[PDB]
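Student: A single structure is presented below for examination.
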Amino acid sequence: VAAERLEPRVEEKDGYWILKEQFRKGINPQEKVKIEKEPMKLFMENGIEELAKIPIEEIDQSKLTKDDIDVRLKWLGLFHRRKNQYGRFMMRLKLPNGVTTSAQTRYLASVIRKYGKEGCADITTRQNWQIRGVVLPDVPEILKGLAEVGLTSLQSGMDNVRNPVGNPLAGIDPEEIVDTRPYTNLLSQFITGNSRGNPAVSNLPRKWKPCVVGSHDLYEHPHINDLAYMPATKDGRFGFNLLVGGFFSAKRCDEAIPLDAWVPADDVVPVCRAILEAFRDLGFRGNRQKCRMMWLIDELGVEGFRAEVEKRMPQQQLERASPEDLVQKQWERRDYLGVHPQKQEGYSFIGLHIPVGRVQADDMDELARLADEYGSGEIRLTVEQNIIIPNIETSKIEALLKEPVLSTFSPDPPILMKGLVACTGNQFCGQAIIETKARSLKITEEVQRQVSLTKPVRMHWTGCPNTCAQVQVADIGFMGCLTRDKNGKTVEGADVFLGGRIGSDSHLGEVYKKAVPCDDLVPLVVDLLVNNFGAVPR
Ligand code: SRM
Ligand code: SF4
Ligand SMILES: O=S([O-])[O-]
Ligand SMILES: [Cl-]
Ligand SMILES: [Cl-]
Ligand SMILES: [K+]
């Protein structure tokens, strides 16, 4: 490994970090777009204000502005639905640990309410909000409204640090290991430069996903994140062992491996910076299928890569890993849906199921209102695209169970619905091969009408190989494809995955059966359930 491989490939030129002209050969077109103009200048040099003034039809007539809206705007959290909702933008937040407020929730609703049939919102597999319908001339004013309610959307798409995921039961669970809200909160601020923008970590070769583990249940999915913080004592000090490189991609899925490093709790942020700088400095920037952090780790080796993190640390010490973490391997992951006692006596939380994560403006207002009336104005999102409303005086529960909105967003849905996860699909996503959200609900419904079960089978539905709905963690996973019916007609279909496990004994699922027409999945899934999961025919 020639020591010239270890040379930083980016420079801080003019407050922004850019590829050095010697390392700019044979790069992918997303590296070029970033070279041509720095994406952070759209927020940090307020250049959205004037881009927002150009008709969409004009913007498309020159490469430079077409890349503004189709590419660079993703650093502002805005994603052009070019194919399926032309001239409309999806918008994704920073919502560390998935904690929102009623007033944030109400503001998001008032933005999507405006767009009518073209608007709705969604809870994501990184316990985040997305809103849809957004038009460009509205961006400057939405940005201002987001800030006003204490939210940022910065650096949530493209080559950025994505939503910091944490324990959905942080601060409320008797059985928590460590409260992850400070650490995800700190990480988000670091990333976004306390909502101003942070160009030091805004030009990675590829997306990068952190989590901070606080549950024995491992609700955080540490195994599939580029950096996972595993609570662990070392030499009497509380800290985190570090796992690195977990990712999913059309080409390759790989679980996170130990860096062989521990940090004390106060080093969470500087080790995040060190790894990211290493990644940004040294990361490969050709073929996009070969750009995530694991590919660098495989080229340098784990000790190669580790030495590079160590030299970007303060004091340049990176302690070796504590041989055990605080996570109990004896643990049955817990159903958070329903009413549960909090550690603060007299109080309860409620997990409410949100069918495939999909909400309309009216829905968001109802949940905002339950949080205000029954809780403390707080709503928490989950990675299965559900909600928790914490801090409810247990004496209010009886009245809450009677609220009409709880027939739609239930604390006790049938067990297959409890764990159903589906990505956007082709209603809005231009990469999608199939419609996922409506389809998955319809299939799950007909399957559950047929069988009854005790084990909580988790079914994930994803619209294309990008696997945003993470079919490799599911008990039964469905990946969109096109296939053929008995007459050779093109029909939507799914590859069915099995074998995915979560919690400490985590495992990646693989395709069990390819190209099953979607209209044939009910009998197949019914049988799989009966034969493999203890389901009983009704
Ligand atoms: C919304 C969400 C799925 C959802 O219904 O929940 C989704 C959204 C899409 N992802 Fe994802 N990703 C989401 C979960 C993830 C995850 C799960 C996770 O993070 O744990 C995965 C797999 C895990 C991983 O990345 O390590 C993921 C895999 C990707 C990939 C494949 C990555 C790769 O290295 O090849 C793409 C395509 C790409 O990056 O080139 C992508 C790109 C896309 C885009 C941005 C593509 C596009 O612009 O059309 C999707 C936007 C569709 C839309 O309009 O909503 N999305 N995506 C999730 C939003 C997360 C967030 O709030 O930040
Ligand atoms: S898995 Fe594919 S279809 Fe689904 S949201 Fe991600 S990119 Fe779109
Ligand atoms: O956009 S995806 O990477 O969450
Ligand atoms: Cl993106
Ligand atoms: Cl598109
Ligand atoms: K859900």
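A note on labels: chains of the structure tokens are A, B, ... as shown, every chain counts residues from 1, and ligands are counted from 1 in their shown order.
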If you count only C-alpha atoms, which residues fall within 7 Å of residue 92 in chain A, apart from same-chain ones fewer than 5 positions away, as a VMD selection string?
Tutor: chain A and resid 77 to 78 129 to 131 153 156
Student: Grab me every residue within 6 Å of ligand 6, counting only C-alpha atoms and all ligand atoms, and send it over as JSON, numbers by chain.
Tutor: {"A": [353, 354, 355, 356, 357, 384, 385, 386, 420, 421]}
Student: Which residues are close to range 334-346 of chain A, i.e. within 7 Å by only C-alpha atoms, leaving aside same-chain residues fewer than 2 positions away? Reply as a PyMOL selection string.
Tutor: chain A and resi 172-174+217+332+348-353+393-394+411-412
Student: Counting only C-alpha atoms and all ligand atoms, name the residues that have an atom within 12 Å of an atom of ligand 4; the answer should be given as a JSON list (two decimals) with N, CA, C and O atoms, in the first residue's frame.
Tutor:
[["chain", "number", "residue", "atom", "x", "y", "z"],
["A", 30, "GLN", "N", -21.08, 12.75, -10.67],
["A", 30, "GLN", "CA", -21.50, 13.44, -9.46],
["A", 30, "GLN", "C", -20.32, 14.14, -8.80],
["A", 30, "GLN", "O", -20.51, 15.03, -7.97],
["A", 69, "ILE", "N", -30.93, 21.80, -9.55],
["A", 69, "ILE", "CA", -32.21, 21.29, -9.03],
["A", 69, "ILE", "C", -32.26, 19.75, -8.88],
["A", 69, "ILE", "O", -32.86, 19.23, -7.93],
["A", 70, "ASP", "N", -31.59, 19.04, -9.78],
["A", 70, "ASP", "CA", -31.56, 17.58, -9.80],
["A", 70, "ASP", "C", -30.49, 16.96, -8.91],
["A", 70, "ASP", "O", -30.58, 15.76, -8.61],
["A", 71, "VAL", "N", -29.50, 17.75, -8.50],
["A", 71, "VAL", "CA", -28.32, 17.22, -7.79],
["A", 71, "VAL", "C", -27.97, 18.05, -6.56],
["A", 71, "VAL", "O", -27.99, 17.54, -5.43],
["A", 72, "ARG", "N", -27.64, 19.33, -6.78],
["A", 72, "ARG", "CA", -27.03, 20.14, -5.72],
["A", 72, "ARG", "C", -27.99, 20.45, -4.60],
["A", 72, "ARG", "O", -27.58, 20.58, -3.43],
["A", 73, "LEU", "N", -29.26, 20.56, -4.97],
["A", 73, "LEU", "CA", -30.36, 20.88, -4.06],
["A", 73, "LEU", "C", -30.60, 19.82, -3.01],
["A", 73, "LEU", "O", -31.22, 20.10, -1.98],
["A", 74, "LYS", "N", -30.10, 18.62, -3.26],
["A", 74, "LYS", "CA", -30.17, 17.52, -2.29],
["A", 74, "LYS", "C", -29.33, 17.80, -1.02],
["A", 74, "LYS", "O", -29.65, 17.29, 0.08],
["A", 75, "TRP", "N", -28.29, 18.63, -1.16],
["A", 75, "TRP", "CA", -27.51, 19.16, -0.02],
["A", 75, "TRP", "C", -28.36, 20.11, 0.84],
["A", 75, "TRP", "O", -28.06, 20.35, 2.02],
["A", 76, "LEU", "N", -29.44, 20.63, 0.24],
["A", 76, "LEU", "CA", -30.42, 21.44, 0.94],
["A", 76, "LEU", "C", -31.61, 20.60, 1.39],
["A", 76, "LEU", "O", -32.54, 21.11, 2.01],
["A", 77, "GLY", "N", -31.55, 19.30, 1.08],
["A", 77, "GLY", "CA", -32.59, 18.34, 1.48],
["A", 77, "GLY", "C", -33.76, 18.27, 0.50],
["A", 77, "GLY", "O", -34.81, 17.73, 0.84],
["A", 78, "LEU", "N", -33.57, 18.80, -0.70],
["A", 78, "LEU", "CA", -34.61, 18.85, -1.72],
["A", 78, "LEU", "C", -34.31, 17.98, -2.93],
["A", 78, "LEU", "O", -33.26, 18.16, -3.61],
["A", 79, "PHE", "N", -35.25, 17.07, -3.21],
["A", 79, "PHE", "CA", -35.06, 16.00, -4.18],
["A", 79, "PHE", "C", -36.11, 16.13, -5.26],
["A", 79, "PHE", "O", -37.26, 15.83, -5.01],
["A", 80, "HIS", "N", -35.73, 16.57, -6.45],
["A", 80, "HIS", "CA", -36.63, 16.68, -7.62],
["A", 80, "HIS", "C", -37.19, 15.33, -8.09],
["A", 80, "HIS", "O", -36.45, 14.46, -8.58],
["A", 81, "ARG", "N", -38.52, 15.19, -7.98],
["A", 81, "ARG", "CA", -39.22, 14.02, -8.52],
["A", 81, "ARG", "C", -39.43, 14.21, -10.02],
["A", 81, "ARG", "O", -40.55, 14.29, -10.48],
["A", 90, "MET", "N", -39.45, 16.46, -3.21],
["A", 90, "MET", "CA", -39.53, 15.85, -1.89],
["A", 90, "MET", "C", -38.56, 16.59, -0.99],
["A", 90, "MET", "O", -37.56, 17.12, -1.46],
["A", 91, "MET", "N", -38.87, 16.65, 0.31],
["A", 91, "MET", "CA", -38.01, 17.33, 1.26],
["A", 91, "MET", "C", -37.80, 16.56, 2.54],
["A", 91, "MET", "O", -38.76, 16.25, 3.24],
["A", 92, "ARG", "N", -36.53, 16.31, 2.84],
["A", 92, "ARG", "CA", -36.08, 15.47, 3.94],
["A", 92, "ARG", "C", -35.27, 16.23, 5.01],
["A", 92, "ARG", "O", -34.37, 17.03, 4.71],
["A", 155, "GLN", "N", -27.99, 18.83, 4.13],
["A", 155, "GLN", "CA", -27.09, 17.69, 3.97],
["A", 155, "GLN", "C", -27.79, 16.38, 4.39],
["A", 155, "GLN", "O", -27.30, 15.65, 5.28],
["A", 156, "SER", "N", -28.97, 16.12, 3.81],
["A", 156, "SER", "CA", -29.75, 14.93, 4.15],
["A", 156, "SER", "C", -29.83, 13.98, 2.95],
["A", 156, "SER", "O", -30.19, 12.80, 3.11],
["A", 157, "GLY", "N", -29.43, 14.49, 1.79],
["A", 157, "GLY", "CA", -29.34, 13.73, 0.58],
["A", 157, "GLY", "C", -27.97, 13.82, -0.07],
["A", 157, "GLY", "O", -27.08, 14.51, 0.43],
["A", 158, "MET", "N", -27.80, 13.10, -1.18],
["A", 158, "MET", "CA", -26.51, 12.94, -1.85],
["A", 158, "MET", "C", -25.30, 12.59, -0.93],
["A", 158, "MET", "O", -25.43, 11.74, -0.03],
["A", 159, "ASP", "N", -24.16, 13.26, -1.13],
["A", 159, "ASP", "CA", -22.89, 12.85, -0.47],
["A", 159, "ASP", "C", -22.61, 13.44, 0.89],
["A", 159, "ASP", "O", -21.63, 14.14, 1.11],
["A", 160, "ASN", "N", -23.46, 13.07, 1.83],
["A", 160, "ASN", "CA", -23.54, 13.72, 3.10],
["A", 160, "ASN", "C", -23.76, 12.71, 4.19],
["A", 160, "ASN", "O", -24.18, 11.58, 3.92],
["A", 161, "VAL", "N", -23.50, 13.13, 5.43],
["A", 161, "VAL", "CA", -23.95, 12.39, 6.59],
["A", 161, "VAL", "C", -25.49, 12.46, 6.71],
["A", 161, "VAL", "O", -26.09, 13.56, 6.67],
["A", 162, "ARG", "N", -26.10, 11.29, 6.82],
["A", 162, "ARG", "CA", -27.53, 11.12, 6.76],
["A", 162, "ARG", "C", -28.03, 11.19, 8.20],
["A", 162, "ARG", "O", -27.24, 11.44, 9.12],
["A", 206, "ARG", "N", -19.51, 9.76, -1.02],
["A", 206, "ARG", "CA", -20.74, 8.99, -1.00],
["A", 206, "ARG", "C", -21.40, 9.24, 0.34],
["A", 206, "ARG", "O", -20.75, 9.71, 1.27],
["A", 207, "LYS", "N", -22.69, 8.95, 0.40],
["A", 207, "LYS", "CA", -23.50, 9.00, 1.61],
["A", 207, "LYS", "C", -22.86, 8.25, 2.78],
["A", 207, "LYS", "O", -22.07, 7.32, 2.59],
["A", 208, "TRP", "N", -23.23, 8.64, 4.01],
["A", 208, "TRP", "CA", -22.61, 8.06, 5.18],
["A", 208, "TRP", "C", -23.57, 8.09, 6.38],
["A", 208, "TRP", "O", -24.10, 9.15, 6.75],
["A", 429, "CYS", "N", -40.97, 7.90, -6.35],
["A", 429, "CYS", "CA", -39.57, 7.60, -6.65],
["A", 429, "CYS", "C", -39.36, 7.19, -8.11],
["A", 429, "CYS", "O", -40.00, 6.24, -8.59],
["A", 430, "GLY", "N", -38.46, 7.89, -8.82],
["A", 430, "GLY", "CA", -38.17, 7.61, -10.22],
["A", 430, "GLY", "C", -37.32, 6.37, -10.47],
["A", 430, "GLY", "O", -37.29, 5.85, -11.59],
["A", 431, "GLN", "N", -36.62, 5.91, -9.43],
["A", 431, "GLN", "CA", -35.85, 4.64, -9.46],
["A", 431, "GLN", "C", -36.70, 3.36, -9.21],
["A", 431, "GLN", "O", -36.24, 2.23, -9.40],
["A", 466, "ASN", "N", -31.90, -0.70, -4.63],
["A", 466, "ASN", "CA", -31.30, 0.26, -3.69],
["A", 466, "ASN", "C", -31.64, -0.12, -2.26],
["A", 466, "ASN", "O", -30.97, 0.30, -1.31],
["A", 468, "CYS", "N", -33.92, 0.65, 0.07],
["A", 468, "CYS", "CA", -34.14, 1.64, 1.12],
["A", 468, "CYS", "C", -35.00, 1.10, 2.29],
["A", 468, "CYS", "O", -34.80, 1.49, 3.46]]
Student: Could you give me the residues within 8 Å of ligand 2, counting only C-alpha atoms and all ligand atoms, as a PyMOL selection string?
Tutor: chain A and resi 422-426+428-434+436+462-470+480
Student: The selected residues should be written to file as a tab-separated table (two decimals), in the first residue's frame (atoms: N, CA and C atoms).
Tutor:
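Result written to again.tsv:
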chain	number	residue	atom	x	y	z
A	422	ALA	N	-42.42	-0.28	4.28
A	422	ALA	CA	-42.37	-0.13	2.83
A	422	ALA	C	-41.76	1.22	2.45
A	423	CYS	N	-40.91	1.23	1.42
A	423	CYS	CA	-40.29	2.42	0.90
A	423	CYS	C	-41.29	3.16	0.02
A	424	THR	N	-40.97	4.40	-0.32
A	424	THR	CA	-41.77	5.22	-1.24
A	424	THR	C	-42.40	4.44	-2.42
A	425	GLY	N	-41.58	3.71	-3.17
A	425	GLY	CA	-42.02	3.06	-4.40
A	425	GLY	C	-42.33	4.07	-5.49
A	426	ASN	N	-43.05	3.62	-6.52
A	426	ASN	CA	-43.17	4.36	-7.76
A	426	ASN	C	-44.25	5.48	-7.80
A	428	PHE	N	-43.90	8.12	-6.17
A	428	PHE	CA	-43.01	9.31	-6.23
A	428	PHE	C	-41.55	9.06	-6.70
A	429	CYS	N	-40.97	7.90	-6.35
A	429	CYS	CA	-39.57	7.60	-6.65
A	429	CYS	C	-39.36	7.19	-8.11
A	430	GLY	N	-38.46	7.89	-8.82
A	430	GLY	CA	-38.17	7.61	-10.22
A	430	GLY	C	-37.32	6.37	-10.47
A	431	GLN	N	-36.62	5.91	-9.43
A	431	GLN	CA	-35.85	4.64	-9.46
A	431	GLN	C	-36.70	3.36	-9.21
A	432	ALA	N	-37.94	3.54	-8.76
A	432	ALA	CA	-38.76	2.42	-8.39
A	432	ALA	C	-39.22	1.59	-9.59
A	433	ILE	N	-39.14	0.28	-9.45
A	433	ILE	CA	-39.67	-0.64	-10.48
A	433	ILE	C	-41.18	-0.86	-10.28
A	434	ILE	N	-41.65	-0.78	-9.03
A	434	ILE	CA	-43.05	-1.08	-8.67
A	434	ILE	C	-43.63	-0.08	-7.65
A	436	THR	N	-45.13	0.25	-4.08
A	436	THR	CA	-44.90	-0.49	-2.85
A	436	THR	C	-45.94	-0.22	-1.77
A	462	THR	N	-39.56	-3.13	-0.77
A	462	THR	CA	-38.67	-2.13	-1.33
A	462	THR	C	-38.88	-2.09	-2.83
A	463	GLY	N	-38.88	-0.90	-3.44
A	463	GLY	CA	-39.27	-0.77	-4.85
A	463	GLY	C	-38.20	-1.05	-5.88
A	464	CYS	N	-36.94	-1.18	-5.45
A	464	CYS	CA	-35.86	-1.46	-6.42
A	464	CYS	C	-34.68	-1.95	-5.61
A	465	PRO	N	-33.58	-2.38	-6.29
A	465	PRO	CA	-32.37	-2.89	-5.65
A	465	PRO	C	-31.61	-2.00	-4.65
A	466	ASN	N	-31.90	-0.70	-4.63
A	466	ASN	CA	-31.30	0.26	-3.69
A	466	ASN	C	-31.64	-0.12	-2.26
A	467	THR	N	-32.69	-0.92	-2.13
A	467	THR	CA	-33.14	-1.49	-0.85
A	467	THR	C	-33.29	-0.49	0.32
A	468	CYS	N	-33.92	0.65	0.07
A	468	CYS	CA	-34.14	1.64	1.12
A	468	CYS	C	-35.00	1.10	2.29
A	469	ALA	N	-35.90	0.18	1.97
A	469	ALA	CA	-36.73	-0.48	2.95
A	469	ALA	C	-36.09	-1.78	3.47
A	470	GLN	N	-34.81	-1.92	3.16
A	470	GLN	CA	-33.91	-2.84	3.90
A	470	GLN	C	-34.36	-4.31	3.90
A	480	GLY	N	-38.93	-5.17	-5.46
A	480	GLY	CA	-39.63	-4.96	-6.71
A	480	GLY	C	-38.83	-5.39	-7.91
Student: Please measure the separation of CA of residue 164 in chain A and atom 11 (Fe, counted along the ligand's line) of ligand 1, giving the value in Å to one decimal.
Tutor: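 We find that CA of residue 164 in chain A and atom 11 (Fe, counted along the ligand's line) of ligand 1 lie 14.3 Å from each other.
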Student: If you run DSSP on the backbone, which residues of range 101-330 of chain A are strand (DSSP E), as number ranges by chain?
Tutor: A: 101, 121-123, 129-134, 210-212, 227-234, 237-244, 257-264
Student: Can you tell me, as a list in words, what residues are no more than 12 Å from residue 486 in chain A when counting only C-alpha atoms, ignoring any on the same chain fewer than 6 positions away?
Tutor: residues 516, 517, 519 and 520 of chain A
Student: Rounded to one decimal, what separation in Å do you get between CA of residue 267 in chain A and CA of residue 190 in chain A?
Tutor: 12.6 Å
Student: Which residues are close to residue 118 in chain A, i.e. within 10 Å by only C-alpha atoms, leaving aside same-chain residues fewer than 5 positions away? Reply as a PDB file with C-alpha atoms, in the first residue's frame.
Tutor:
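As a result, part-v2.pdb now contains:
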ATOM      1  CA  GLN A  85     -43.947  14.368 -10.056  1.00  0.00           C
ATOM      2  CA  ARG A  88     -42.233  18.976  -7.362  1.00  0.00           C
ATOM      3  CA  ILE A 112     -48.046  19.912   2.605  1.00  0.00           C
ATOM      4  CA  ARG A 113     -51.698  21.036   3.152  1.00  0.00           C
ATOM      5  CA  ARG A 132     -43.810  16.166  -0.665  1.00  0.00           C
ATOM      6  CA  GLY A 133     -45.363  18.608  -3.095  1.00  0.00           C
ATOM      7  CA  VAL A 134     -42.863  21.400  -2.530  1.00  0.00           C
TER       8      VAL A 134
END
Student: Considering only C-alpha atoms and all ligand atoms, can you say which of A:258, A:313, A:87, A:249 comes closest to ligand 5?
Tutor: A:87
Student: Can you work out which one of A:263, A:387, A:218, A:18 has the shortest atom-to-atom distance to residue 331 in chain A, counting only C-alpha atoms?
Tutor: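 Among A:263, A:387, A:218, A:18, it is A:218 that comes nearest to residue 331 in chain A.
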Student: For each of A:28, A:483, A:452, A:531, take the minimum atom-to-atom distance to ligand 1, counting only C-alpha atoms and all ligand atoms, then give the residue where this is smallest.
Tutor: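 Counting only C-alpha atoms and all ligand atoms, the residue closest to ligand 1 is A:28.
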Student: If we count only C-alpha atoms, what is near residue 50 in chain A at a cut-off of 12 Å, once residues fewer than 4 positions away on the same chain are taken out, given as a VMD selection string?
Tutor: chain A and resid 41 to 43 45 to 46 54 to 55 59 65 68 136 to 140
Student: Can those selected residues be exported to a file as an mmCIF file, in the first residue's frame so that it contains C-alpha atoms?
Tutor:
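New file out.cif:
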data_model
loop_
_atom_site.group_PDB
_atom_site.id
_atom_site.type_symbol
_atom_site.label_atom_id
_atom_site.label_comp_id
_atom_site.auth_asym_id
_atom_site.auth_seq_id
_atom_site.Cartn_x
_atom_site.Cartn_y
_atom_site.Cartn_z
ATOM 1 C CA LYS A 41 -23.254 27.687 -1.812
ATOM 2 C CA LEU A 42 -26.979 27.247 -2.450
ATOM 3 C CA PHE A 43 -27.598 27.525 1.320
ATOM 4 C CA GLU A 45 -24.128 31.844 -0.154
ATOM 5 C CA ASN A 46 -27.959 32.160 -0.141
ATOM 6 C CA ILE A 54 -36.219 30.918 -12.532
ATOM 7 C CA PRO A 55 -39.139 29.006 -14.133
ATOM 8 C CA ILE A 59 -33.742 25.782 -15.621
ATOM 9 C CA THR A 65 -29.074 24.867 -13.451
ATOM 10 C CA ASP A 68 -28.703 22.722 -9.340
ATOM 11 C CA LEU A 136 -39.189 25.787 -5.952
ATOM 12 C CA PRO A 137 -40.441 29.390 -5.578
ATOM 13 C CA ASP A 138 -41.569 28.321 -2.093
ATOM 14 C CA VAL A 139 -38.125 26.996 -0.973
ATOM 15 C CA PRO A 140 -36.687 30.244 0.477
#
Student: Fewer than 4 positions away in the same chain doesn't count, so skip those; otherwise give me all residues within 12 Å of residue 445 in chain A, counting only C-alpha atoms, as a list in words.
Tutor: residues 355, 413, 414, 415, 416, 417, 418, 420, 438, 439, 440, 441, 449, 450, 451, 452, 521, 522, 525 and 526 of chain A
Student: Could you write out the selected residues, including N, CA, C and O atoms, as a PDB file, in the first residue's frame?
Tutor:
ATOM      1  N   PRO A 355     -49.658   3.045   9.108  1.00  0.00           N
ATOM      2  CA  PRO A 355     -49.630   2.126   7.960  1.00  0.00           C
ATOM      3  C   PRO A 355     -48.648   2.600   6.874  1.00  0.00           C
ATOM      4  O   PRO A 355     -48.746   3.711   6.366  1.00  0.00           O
ATOM      5  N   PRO A 413     -52.553  -2.934  16.256  1.00  0.00           N
ATOM      6  CA  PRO A 413     -52.900  -3.437  14.938  1.00  0.00           C
ATOM      7  C   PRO A 413     -52.611  -4.950  14.879  1.00  0.00           C
ATOM      8  O   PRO A 413     -51.939  -5.464  15.766  1.00  0.00           O
ATOM      9  N   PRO A 414     -53.121  -5.669  13.846  1.00  0.00           N
ATOM     10  CA  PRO A 414     -52.762  -7.098  13.749  1.00  0.00           C
ATOM     11  C   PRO A 414     -51.251  -7.232  13.637  1.00  0.00           C
ATOM     12  O   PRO A 414     -50.583  -6.298  13.187  1.00  0.00           O
ATOM     13  N   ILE A 415     -50.714  -8.392  13.993  1.00  0.00           N
ATOM     14  CA  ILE A 415     -49.266  -8.514  14.193  1.00  0.00           C
ATOM     15  C   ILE A 415     -48.402  -8.319  12.922  1.00  0.00           C
ATOM     16  O   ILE A 415     -47.218  -7.937  13.011  1.00  0.00           O
ATOM     17  N   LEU A 416     -48.971  -8.597  11.754  1.00  0.00           N
ATOM     18  CA  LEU A 416     -48.234  -8.457  10.482  1.00  0.00           C
ATOM     19  C   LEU A 416     -48.076  -6.999  10.068  1.00  0.00           C
ATOM     20  O   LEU A 416     -47.059  -6.591   9.484  1.00  0.00           O
ATOM     21  N   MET A 417     -49.104  -6.226  10.375  1.00  0.00           N
ATOM     22  CA  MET A 417     -49.082  -4.777  10.219  1.00  0.00           C
ATOM     23  C   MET A 417     -48.076  -4.111  11.149  1.00  0.00           C
ATOM     24  O   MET A 417     -47.348  -3.200  10.731  1.00  0.00           O
ATOM     25  N   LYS A 418     -47.999  -4.581  12.400  1.00  0.00           N
ATOM     26  CA  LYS A 418     -47.042  -4.024  13.374  1.00  0.00           C
ATOM     27  C   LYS A 418     -45.636  -3.788  12.791  1.00  0.00           C
ATOM     28  O   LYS A 418     -45.018  -2.728  13.014  1.00  0.00           O
ATOM     29  N   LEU A 420     -44.678  -4.203   9.379  1.00  0.00           N
ATOM     30  CA  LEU A 420     -44.629  -3.902   7.952  1.00  0.00           C
ATOM     31  C   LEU A 420     -43.897  -2.603   7.685  1.00  0.00           C
ATOM     32  O   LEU A 420     -44.206  -1.574   8.302  1.00  0.00           O
ATOM     33  N   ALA A 438     -49.224   1.229  -1.295  1.00  0.00           N
ATOM     34  CA  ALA A 438     -50.553   0.667  -1.454  1.00  0.00           C
ATOM     35  C   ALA A 438     -50.513  -0.858  -1.574  1.00  0.00           C
ATOM     36  O   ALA A 438     -51.241  -1.568  -0.868  1.00  0.00           O
ATOM     37  N   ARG A 439     -49.666  -1.354  -2.478  1.00  0.00           N
ATOM     38  CA  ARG A 439     -49.550  -2.794  -2.739  1.00  0.00           C
ATOM     39  C   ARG A 439     -49.261  -3.610  -1.489  1.00  0.00           C
ATOM     40  O   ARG A 439     -49.930  -4.639  -1.249  1.00  0.00           O
ATOM     41  N   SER A 440     -48.282  -3.177  -0.684  1.00  0.00           N
ATOM     42  CA  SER A 440     -47.903  -3.934   0.518  1.00  0.00           C
ATOM     43  C   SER A 440     -49.016  -4.022   1.550  1.00  0.00           C
ATOM     44  O   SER A 440     -49.179  -5.071   2.207  1.00  0.00           O
ATOM     45  N   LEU A 441     -49.741  -2.920   1.739  1.00  0.00           N
ATOM     46  CA  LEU A 441     -50.888  -2.902   2.636  1.00  0.00           C
ATOM     47  C   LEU A 441     -51.987  -3.872   2.179  1.00  0.00           C
ATOM     48  O   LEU A 441     -52.575  -4.572   2.992  1.00  0.00           O
ATOM     49  N   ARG A 449     -55.841 -12.009   6.791  1.00  0.00           N
ATOM     50  CA  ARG A 449     -57.231 -12.397   6.822  1.00  0.00           C
ATOM     51  C   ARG A 449     -57.284 -13.917   6.819  1.00  0.00           C
ATOM     52  O   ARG A 449     -58.248 -14.509   7.278  1.00  0.00           O
ATOM     53  N   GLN A 450     -56.211 -14.527   6.311  1.00  0.00           N
ATOM     54  CA  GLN A 450     -56.112 -15.948   6.082  1.00  0.00           C
ATOM     55  C   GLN A 450     -55.423 -16.712   7.201  1.00  0.00           C
ATOM     56  O   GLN A 450     -55.751 -17.860   7.432  1.00  0.00           O
ATOM     57  N   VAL A 451     -54.470 -16.096   7.888  1.00  0.00           N
ATOM     58  CA  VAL A 451     -53.681 -16.812   8.903  1.00  0.00           C
ATOM     59  C   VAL A 451     -53.628 -16.066  10.227  1.00  0.00           C
ATOM     60  O   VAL A 451     -53.763 -14.854  10.254  1.00  0.00           O
ATOM     61  N   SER A 452     -53.439 -16.786  11.326  1.00  0.00           N
ATOM     62  CA  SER A 452     -53.213 -16.131  12.608  1.00  0.00           C
ATOM     63  C   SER A 452     -51.868 -16.573  13.163  1.00  0.00           C
ATOM     64  O   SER A 452     -51.477 -17.733  12.964  1.00  0.00           O
ATOM     65  N   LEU A 521     -48.387 -13.370  -4.646  1.00  0.00           N
ATOM     66  CA  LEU A 521     -47.668 -13.342  -3.378  1.00  0.00           C
ATOM     67  C   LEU A 521     -48.512 -13.782  -2.210  1.00  0.00           C
ATOM     68  O   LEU A 521     -47.985 -14.377  -1.298  1.00  0.00           O
ATOM     69  N   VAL A 522     -49.818 -13.522  -2.228  1.00  0.00           N
ATOM     70  CA  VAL A 522     -50.649 -13.914  -1.074  1.00  0.00           C
ATOM     71  C   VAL A 522     -50.550 -15.429  -0.759  1.00  0.00           C
ATOM     72  O   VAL A 522     -50.192 -15.794   0.361  1.00  0.00           O
ATOM     73  N   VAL A 525     -46.967 -16.202   0.501  1.00  0.00           N
ATOM     74  CA  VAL A 525     -46.656 -15.670   1.821  1.00  0.00           C
ATOM     75  C   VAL A 525     -47.438 -16.427   2.895  1.00  0.00           C
ATOM     76  O   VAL A 525     -46.894 -16.685   3.951  1.00  0.00           O
ATOM     77  N   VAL A 526     -48.692 -16.804   2.604  1.00  0.00           N
ATOM     78  CA  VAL A 526     -49.523 -17.565   3.540  1.00  0.00           C
ATOM     79  C   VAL A 526     -48.812 -18.854   3.881  1.00  0.00           C
ATOM     80  O   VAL A 526     -48.660 -19.191   5.043  1.00  0.00           O
TER      81      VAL A 526
END
Student: Go through A:14, A:57, A:527, A:299 and flag the residue nearest residue 38 in chain A, using only C-alpha atoms for the distances.
Tutor: A:14
